[PDB]
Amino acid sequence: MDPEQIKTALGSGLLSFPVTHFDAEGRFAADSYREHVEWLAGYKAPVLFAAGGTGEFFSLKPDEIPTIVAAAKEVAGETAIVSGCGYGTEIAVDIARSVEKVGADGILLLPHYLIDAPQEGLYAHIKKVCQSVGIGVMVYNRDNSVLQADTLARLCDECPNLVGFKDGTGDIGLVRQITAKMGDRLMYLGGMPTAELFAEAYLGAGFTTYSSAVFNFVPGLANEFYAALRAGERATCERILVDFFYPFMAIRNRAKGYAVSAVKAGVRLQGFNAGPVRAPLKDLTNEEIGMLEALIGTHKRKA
């Protein structure tokens, strides 16, 4: 589909980032993946990010990305599929063209690798990756790639296929300036780890959707929080935050990387063979897994 169309889809509901399934030997497990992505389909997320950060993008071989994307596409049905992209320009450009060719509906451009870079250089990097493909591009402020409002405005004026902005910084002052400056030029996506913790402040800042990583294993709970959010049903959001999200937070905050590892542990506990994380993440301990299973509780998928 074309950039305005993916842009419209980005603004039509909740966004989900499927974990990437590995077998015991750490290779992509395509059968398990599709199974999980077919189950998630029944909850009608309007866009699926294939091989985002929740899907361990930063551990994928570049030649694995198009394969994971095409697996998602087989069973996604009516759902727009966006692929992770990143690294420096030369690799990002080759990934981007590889996933356009397998029918991706857009790319999510995660940060370049290792260095701190001036604004001039970011602009130069992102402009060239956007110019390498015809499909929709979402940029992604975090860690070593943080676009200022001025710089983002220049990219938008020069790159019409640039249609969205994912935030992972937590920088409220900055993202409110970005939405004021750009208005409806971009779709704004909340992208913090466990974004429901931020959804209500971000609405206020002008973000009406976010990525929900926990949708991976409790989508009905994630769909309820989202509908509560958009309906102004504040007692309901608060209940779900105190009862599920803060307790999930405390498990997540036990180790670095658990913003991905606790989520994939959740998938497995709900009966999907998602398998281990790739190093250098580590998987939850048996105790920790037990704490997660207990928390899932009434929202268990099987016995």
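In this text, residue numbers run from 1 along the sequence as written.
- In this entry, 71-79 shows the higher mean Cα temperature factor of the pair 163-171 and 71-79.
- Taking only CA atoms, the mean B-factor in the PDB entry is higher for 179-187 than for the other of 98-106 and 179-187.
- Between the residues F244, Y33, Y43, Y258, the entry's highest C-alpha temperature factor is the one at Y43.
- Looking at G134, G88, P193, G220, the one whose CA carries the top B-factor in the deposited record is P193.
- Looking at the C-alpha B-factors along this chain, the one for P118 belongs to the highest third.
- The PDB entry assigns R239 a C-alpha temperature factor belonging to the middle third of its chain's modelled residues.
- When all modelled residues of the chain are sorted by CA temperature factor, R154 is found within the highest third.
- The entry lists a Cα temperature factor for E233 that places it in the highest third of the chain's modelled residues.
- Among the modelled residues of its chain, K61 has a C-alpha B-factor that falls in the highest third, as given in the PDB entry.
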